[PDB]
Amino acid sequence: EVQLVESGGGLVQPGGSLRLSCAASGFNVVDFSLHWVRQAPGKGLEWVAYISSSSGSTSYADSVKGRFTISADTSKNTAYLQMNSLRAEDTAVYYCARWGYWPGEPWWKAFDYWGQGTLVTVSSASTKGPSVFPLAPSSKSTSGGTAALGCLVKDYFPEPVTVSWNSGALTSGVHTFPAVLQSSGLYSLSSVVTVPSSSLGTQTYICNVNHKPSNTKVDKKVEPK
Amino acid sequence: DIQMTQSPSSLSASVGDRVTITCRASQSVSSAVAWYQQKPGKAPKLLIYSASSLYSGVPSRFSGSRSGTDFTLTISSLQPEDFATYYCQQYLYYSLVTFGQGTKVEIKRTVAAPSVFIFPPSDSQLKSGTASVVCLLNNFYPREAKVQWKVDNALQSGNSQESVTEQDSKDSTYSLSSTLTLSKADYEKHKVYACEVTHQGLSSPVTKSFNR
Amino acid sequence: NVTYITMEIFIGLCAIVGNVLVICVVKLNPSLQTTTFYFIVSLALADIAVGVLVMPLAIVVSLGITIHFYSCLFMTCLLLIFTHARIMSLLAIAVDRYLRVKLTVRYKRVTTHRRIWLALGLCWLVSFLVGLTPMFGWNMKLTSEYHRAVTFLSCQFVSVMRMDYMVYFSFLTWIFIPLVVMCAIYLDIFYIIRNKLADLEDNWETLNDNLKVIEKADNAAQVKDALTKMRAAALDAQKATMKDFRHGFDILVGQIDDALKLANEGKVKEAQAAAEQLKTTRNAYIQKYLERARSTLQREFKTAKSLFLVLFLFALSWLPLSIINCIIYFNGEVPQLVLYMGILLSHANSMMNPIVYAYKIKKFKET
Amino acid sequence: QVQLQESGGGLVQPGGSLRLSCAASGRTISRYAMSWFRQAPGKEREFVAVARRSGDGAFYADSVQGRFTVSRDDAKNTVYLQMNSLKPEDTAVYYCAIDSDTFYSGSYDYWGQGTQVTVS
Ligand SMILES: *S(=O)(=O)c1ccc(C(=O)NCCCn2c(=O)n(CCC)c(=O)c3c2nc2cc(OC)ccn23)cc1
C-alpha cells in the first residue's frame, strides 16, 4: 500500500530547530516529487516546500525561504524538512504530500496521497500544571429550567488535556470548549455542563481534569454560590 | 502570486441538498485546479483533479466544472459523510501552489437562541491573583453570535477570548464561551459586570449580569 | 393564367436538372461523400420530386381539369411530404454540423454508416407521416358539411386543403419550430467557432508576446510570471485535439519547466537561454498544429455559413407564403396577384439550392 | 432614517396561504440580512425566519420549519415571506428587522411597525 508517514514533529523553542522525516513506503521518491503543506490551527492549508529528488530541484515559500531547507534520501526513501530559526507563526500541522512528474496523468493528480501529518509547536512557555477553578451556579439564576455550571482550566502549556465530569458518568450536556492560546503562551479551557435546577442541590459534580504531560489529577467539586 | 478566492466561506446544508462552491483564480491557471476534502483531525483527501476529473474511490456525487478562471465543485446528493472543509488548489507549477481559504460545510437546522449564563470568578481564583469572568452561550444555531462585555456601561473590548465548540452530533448546535480576563486590582475597581449577547434568533440582546 | 404555367415550367425544369446535377456531382466526386452531403442528396431528391410534381399540378389546377377529390388531396399532400422532407433534411444537416463542431471525435465514431441510414429513414418517415396527415381524416370531409360529399370537383387549394392545418400544424409546429431550433443551432455554431478561433488566437498570442517579454527582461521576477502565462497557455492549447499533436506540447511545457527551475534559482540568463529553446519547439510543432487547426475551423465556419444561406433562403421562401396563409385562416382578404407571387416564391426555393452550392462550395462548379 | 414599509396581513382561514413583504426606505438591503419576527398575544417577540445575503441560505425557526419560505428580490429592495400551512395558534403580529452588520451577528435596530396576521 502506498503511504506517507511523518515523524520528528514536536515541541520546540522560538529560534530553535527541527527536522521532519517523511518516510515513503509504497513508492520511490525519485519517481514522485514530494511537497510539504502546513495547516495552522484554525486556518487553512499553506504550501511550504518542494523536493524533486530525481533532479535535485528545491523550492520554498516566501515565508519559509532562507530558513527552511528540504532534502531527500533515495536509499532511505525519505524526504527531510529541516527547520531553522522557528518563530510563533510556524506552529502548524505539517503534511507531506506526493505529486507526479510531467508528463501525463501522474502530474494532473496533484497531492493524491497525503501523509497523516505531524504537529510542530513553536512556543517559549514551559510545561505547567493546570489551575482549576469552578464556575459556580448563581443562586439567583434561572429556576425551574436548566442550570449551567463548569470548571475553568486556565493555565497549562502542553495542549492535550482531558476533562471528565463525575469520572465519565456525566456526559449529557457536557460542552468541553477548544483550548485558546493566551498572550502568556499558556492554554485555557472551559468545560461546562447544563443540569436541571432540581438536581443542583442533590447531586455532586466533580470536574475530573487530567493533564498527562504534567501528571496532574485535580478533583474539583463545584458548589452553588 | 496566484490567488484562489473561494467564494463561500460558510455553507449550511442538510442531507440531500445540492451545494456549489465557487473558486476564482487571479490569473489563468488552465485546467490545473484540484479540490480536497479535509475532515477535522485528518489529512486532506483529493476529490477532483484537472477541475473535472473524479479521483478514484471518490463517490460519483462529487463533480467539477471550469468556466474560464472560475472553478466550481458541486455535490448533487449530499450525505452525512460530506460534512467537512473543502479547499481549492491551483497547481500550475510545483513552486506556484496556492490553496483556497476553505469552505466549511455544516448541517442546516432550525434557529435556536442561545441560553446565556454568566459566571463570577471563584474565591479560589481570586486569591491566586487574577479574575476571569466566563459567559456561556449554550445550544445556539447559527454560529454567528456577538458577545459584548459591558462593565459599568463601558465596552471592555480587546481583552476577551472566545472559544466555540464544533457542531454537536446530537442536536447539530454550537456552544460559545467568552472569558473576560482581568487583574484583581482591575476586577475590584468595578461593581457591575454584564454579558450582552446578540444573535440572529434574538429580538433584543440578552444581558446576563451580576454584581459583587 | 399562362404566366404561372410557364414560370412553373421554368422553375420545375431548373430544379430537376439542377438537383440531378447536384446528385451526380456528389456521386462522382469522392471527397463529397460524408453524412452532411448524404443529407444534401436527400434534399436534392426531395427537390427533384417537387419539380416533377409541380410541372403537372400547376397547369392542371390552372386549366381546372376535374380530378377526384382524394386524387387532388394526394397531389397536394405529396407536395407537403416532399416540402417537409426538405425541412427535416435541413434539420438533419444542422444537427450533424452542431455535433461535428461540439464533438470533434465522439460524433465520428458514434455516427456509424448504418446509423446514418437509420437517421435518413427516420427523417423521411417523419416527413411521410406529417405530410399525409390531411389524407388521414384531417381533410375537408372532417368538419365541413358541404365539402364532405363533394366528388370529382375542380382541384383547387381552397377546395381540398384545410387552411387551419396549414397555419397551425404545418407552419407553427413543423415549419416554425424547426427553423427556430435550426437558427439557434447555427448561431450557437457561429459562437462556438468564433470562441475557438479567439482562444486559439489568444493562446498563440500569449505564446508570442511572452517570448518577447523574456528577450527584454532584467530580473527573474518578471520572467517567472511570463512563463506562468505560457504554461497556462500551453496547457490550454494542448486540449485542442494523432498522438504527435500532444507530444509536441509535452516538450513545450517541459521546456517551460526547465526554465522555471532556472528562474527559481535566480539565474536570469539561463532561463532566457532555455526560453530560446521554446522557439525550436514552436516552429517545429506549434506552427504546424495551430495553422492546421485554424484552417479546419475556418473551413468549418465557411461550410456552416454556406449551409446557413440555404436556411435563410428557405426562410425567405416559405415565411412569405405562411404570412399569406395566416390572413386566410384569420378571415382576411388576400389579393390574387399577391398570392400568385407567394406560391412562385415557395417553389423558387427548389431552384435556389444548386446555384448556392456552385457559388459557395468550390467542388461543385468544377464538376 | 430608515422606515420599514409593511405590507400584507389581514384575516386568513386555517390552512391558508398569505404572502408578506417588507420594503426598506433610504438604503439597500442587498448586502444585509432580513429577519422576520412574531408577537403572540400575551407572549414575547419570537424569531420566525431570516433571509441571508444572496444565496447563502434561509434559516427558519422550529415552529415554522417546512411551512414558511422567506426570499428576497434585492433589486426591488424588498424581502418576501411565503407563509403556507396556517394553524389557529399563529394569530400574531409579524415584524421585520434589518441586520445592521455584514457578519450576521444579529444587530436589530431598524424595526418595522408590524402586520397583524390573524387566523380563525
Ligand atoms: S389562378 O386562377 O390563375 C391560379 C389558381 C391556382 C393556382 C395553383 O397553382 N394552385 C395549386 C395550389 C398552390 N398552392 C400551394 O402550392 N401552396 C403551398 C402548399 C405547400 C399554398 O400554400 C397555397 C396554394 N394556393 C393557395 C391559395 C391560398 O389562398 C387562396 C392559400 C394558400 N395557397 C395557380 C393559378
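Counting neighbours? That spans all protein chains shown, and the Cβs are built from the backbone with ideal geometry, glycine included. Since every read-out is calculated from the coordinates, none of them should be taken as a lab result.
Express the relative contact order of region A:22-180 as a whole percentage, based on alpha carbon pairs under 8 Å and six or more residues apart in sequence.
Here the relative contact order equals 17 percent.
Where a Cα-Cα gap under 25 Å defines reach, which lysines qualify for C:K196, not counting those fewer than 8 residues away within the same chain?
Once the sequence-local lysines are set aside, what remains near C:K196 is C:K102, C:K108, C:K212, C:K229, C:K239, C:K243, C:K279, C:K288, C:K302, C:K305, C:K360, C:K362.
Once amide H atoms are built 1.01 Å from N in the peptide plane, which residues 5 or more positions from A:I206, or in another chain, come under 5 Å H to H?
Long-range HN contacts for A:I206: A:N166.
For region B:112-172 and region B:74-108, compute the distance between their C-alpha centroids and round to whole Å.
Region B:112-172 and region B:74-108 have Cα centres spaced 31 Å from each other.
Report the rotationally averaged projected area of region B:115-211 based on its alpha-carbon convex hull, in square nanometres.
6.7
Please report the relative contact order for region B:1-72, taking Cα pairs under 8 Å with a sequence separation of at least 6, and give it as a percent rounded to a whole number.
28
In the Gaussian network model of chain A, springs joining C-alpha atoms below 10 Å, which of A:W108, A:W99, A:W165 carries the largest mean-square fluctuation?
Maximum fluctuation in the GNM of chain A, among the listed residues, is at A:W108.
Give me a comma-separated list of calculated 3J(HN,Hα) values for region C:130-136, in order, Karplus coefficients 6.51, -1.76, 1.60 applied at θ = phi - 60°, integers in Hz, x for any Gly or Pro.
Calculated HN-Hα couplings, in order: 5, x, 8, 3, x, 5, 8 Hz.
Counting pairs of alpha carbon atoms under 8 Å apart in space and at least six apart in sequence, what relative contact order in percent does chain D give?
The value is 34 percent.
Quick one: plug the Kirkwood hydrodynamic radius of chain C (C-alpha pairs) into Stokes-Einstein at 4 °C, 1.567 mPa s, and report D in µm²/s.
Result for D is 53 µm²/s.
What does the C-alpha gyration tensor say about the overall shape of region D:42-84? Classify as rounded when a/c is under 1.5, otherwise prolate if a/b is larger than b/c, or oblate.
prolate
Enter the mean number of other protein chain beta carbons within 10 Å of the beta carbon of each residue in C:77-84, as an integer.
Taking the mean over all residues of the peptide, I get 0.
Can you give the alpha-carbon Rg of region B:4-107 over 2.2 N^0.38 Å, where N counts its residues?
Normalised Cα radius of gyration, region B:4-107: 0.99.
Could you tell me what % of all Cα pairs in region C:278-367 have separations over 19 Å?
The share of Cα pairs beyond 19 Å in region C:278-367 comes to 62 percent.
What is the set of long-range amide H partners of C:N29 at a cut-off below 5 Å, with H atoms built 1.01 Å from backbone N?
none
Kindly write out, for region A:173-185 in residue order, the coupling ³J(HN,Hα) from the Karplus curve 6.51 cos²θ - 1.76 cosθ + 1.60 (θ = phi - 60°), rounded to whole Hz, with x marking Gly and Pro.
x, 6, 10, 8, 7, x, 6, 9, 8, 6, 6, 7, x
Taking D:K76 as the anchor, which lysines have their alpha carbon closer than 23 Å to its alpha carbon, excluding any fewer than eight residues away along the same chain?
Candidates past the 8-residue exclusion: nothing left.
With a sphere of radius 15 Å drawn around the Cβ of C:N325, what net charge do the other residues whose Cβ falls strictly inside it have (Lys, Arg +1; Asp, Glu -1)?
Value of the local net charge: -1.
How much net charge surrounds A:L135 when only the other residues with a Cβ under 14 Å from the Cβ of A:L135 are counted, with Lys and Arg +1 and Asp and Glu -1?
+3
Hey, can you grab everything whose amide H is under 5 Å from the amide H of B:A84? Only 5+ residues off in sequence or another chain; H modelled, so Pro and N-termini drop out.
So B:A84 has HN proximity to B:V105.
Residue farthest toward the positive end of the dipole of region A:132-221, with Cβ of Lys/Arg at +1 and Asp/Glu at -1: which of A:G201, A:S184, A:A169?
Sorting the options by dipole projection puts first A:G201.
Report Rg(Cα)/(2.2 N^0.38 Å) for the protein assembly as shown, keeping two decimals.
Taking N as the residue count of the protein assembly as shown, the ratio is 1.32.
Build a GNM of chain A with springs between Cα atoms under 10 Å: which of A:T142, A:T78, A:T194 gets the top mean-square fluctuation?
Looking only at A:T142, A:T78, A:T194, the largest GNM fluctuation is found for A:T142.
Run through all the Cα pairs of region C:210-271 and give the fraction in each 5 Å bin from 0, expressed as whole percent.
Percent of pairs per bin, in order: 4, 19, 27, 22, 13, 9, 5, 1, 0.
Quick one: if the Förster radius is 51 Å, what FRET efficiency do A:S54 and C:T173 give, using the C-beta to C-beta distance and rounding to 0.05?
0.20
How far apart, in nm, are the 7 Å Cα→Cβ label points at C:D244 and D:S63?
Roughly 7.8 nm, to one decimal.
What Rg and what Dmax come out for chain B when only alpha-carbon atoms are used, in angstroms?
Cα-based Rg and Dmax for chain B come out at 22.3, 64 Å.
Normalised by the empirical 2.2 N^0.38 Å for globular proteins, what value does the Cα Rg of region D:4-119 take?
For region D:4-119, the normalised Cα radius of gyration comes out at 0.99.
Taking Cα centroids, how far is region C:227-261 from region C:1-80 in Å?
55
How large is log10 of I(q)/I(0) for region A:51-189 at q = 0.11, 0.12 Å⁻¹ when the intensity is taken from the Debye formula with one equal scatterer per alpha-carbon?
-0.68, -0.75
For the protein assembly as shown, what is the calculated [θ] at 222 nm in deg cm²/dmol (nearest 500), taking -39500 (n - 2.57) for each run of four or more DSSP H residues and dividing by its residue count?
-10500 deg cm²/dmol
Given the pairs B:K170/B:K208; A:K140/B:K208; A:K140/B:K170; A:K109/B:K39, which are separated by over 22 angstrom at their Cα positions?
Table pairs above 22 Å Cα-Cα are B:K170/B:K208; A:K140/B:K170.
Considering only B:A145, B:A112, B:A43, give the residue with the highest GNM mean-square fluctuation for chain B, with springs between Cα atoms whenever their separation is below 10 Å.
B:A43
For region C:219-232, take each phi angle, set θ = phi - 60°, evaluate the Karplus expression 6.51 cos²θ - 1.76 cosθ + 1.60, and give the result in whole Hz per residue in order, putting x for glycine and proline.
10, 6, 5, 8, 8, 5, 6, 5, 6, 5, 6, 5, 5, 5
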